[PDB]
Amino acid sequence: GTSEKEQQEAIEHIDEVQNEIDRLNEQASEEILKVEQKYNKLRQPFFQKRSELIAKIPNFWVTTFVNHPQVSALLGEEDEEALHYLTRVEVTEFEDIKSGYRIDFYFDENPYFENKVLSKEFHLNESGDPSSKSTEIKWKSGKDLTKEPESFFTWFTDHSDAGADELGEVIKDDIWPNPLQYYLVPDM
C-alpha cells in the first residue's frame, strides 16, 4: 500500500536508524574495553605478588605445563628437562590492542641456551592483521633442541599465523589467570 517513493524514503530512514544503532554499538564496545583496562590494572598487583610467591615453589611452571591438557602435547622429553630451568612466566597486555601482548619466560643458567629471558610478542601489523615476533635463541654448542615431534621451543620461531597461535592465547587466557590448578595434583 506504499508508493515506491515512500518505500525508498523508508529505506533511507532505516539506513539512518542503522547508523544510530552503529554508534551505540561502538560506544558499548568502547565502554567494555575500558572496563577490561581498569581491571587489568586492578589485577596487576595480585599477579606481581603471585610472582614473588611462585619463586618459593621449585619447578612451578614446568609442573603447570606438564599437567596442562593442551601444552603437555607440545613438550618432548628433552623440552621438559629444559623447562625445569624456567623460573618465571609473565604475561603483559598493552592497552592499545594494536600493541597486543607479550609472554616472557625467565630461565636460570642452563646447558641449552644463553638467554636469560625468551619472549614472544603478539601485535597487529600496519595492515591490521595479527603478527608476532620473538627473542632470538642463542643455543649453546651441540645443545640446540630444534636440531619425533618438533621441540616446544620452535614455538618462539613460528610466526606463519599469529591470527591463530593457540598457545599464546591458552597461556594468556587460561594458564595465566590461574596456573595453580594445574600445578596442584590431588594426593592419595
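When you see a residue number, it is the position in the sequence shown, counting from 1.
A.B. asks: Would you class the number of unmodelled deposited residues between residue 147 and residue 148 as none, 1 to 3, 4 to 9, or 10 or more?
C.D. replies: Missing residues, residue 147 to residue 148: 10 or more.
A.B. asks: Look up the CA B-factors in the entry and say which stretch, 64-72 or 158-166, has the higher mean.
C.D. replies: Stretch with the higher mean C-alpha B-factor: 158-166.
A.B. asks: Take the C-alpha B-factors listed in the entry for 94-102 and for 112-120, compute each mean, and give the stretch with the larger one.
C.D. replies: The stretch with the larger average C-alpha B-factor is 94-102.
A.B. asks: Between 50, 41, 133, 140, which carries the biggest CA temperature factor in the record?
C.D. replies: By C-alpha B-factor in the record, 41 ranks first.
A.B. asks: Taking the chain's C-alpha temperature factors as the reference, tell me which third residue 55 falls into: lowest, middle or highest.
C.D. replies: According to the entry, residue 55 has a C-alpha B-factor in the chain's middle third.
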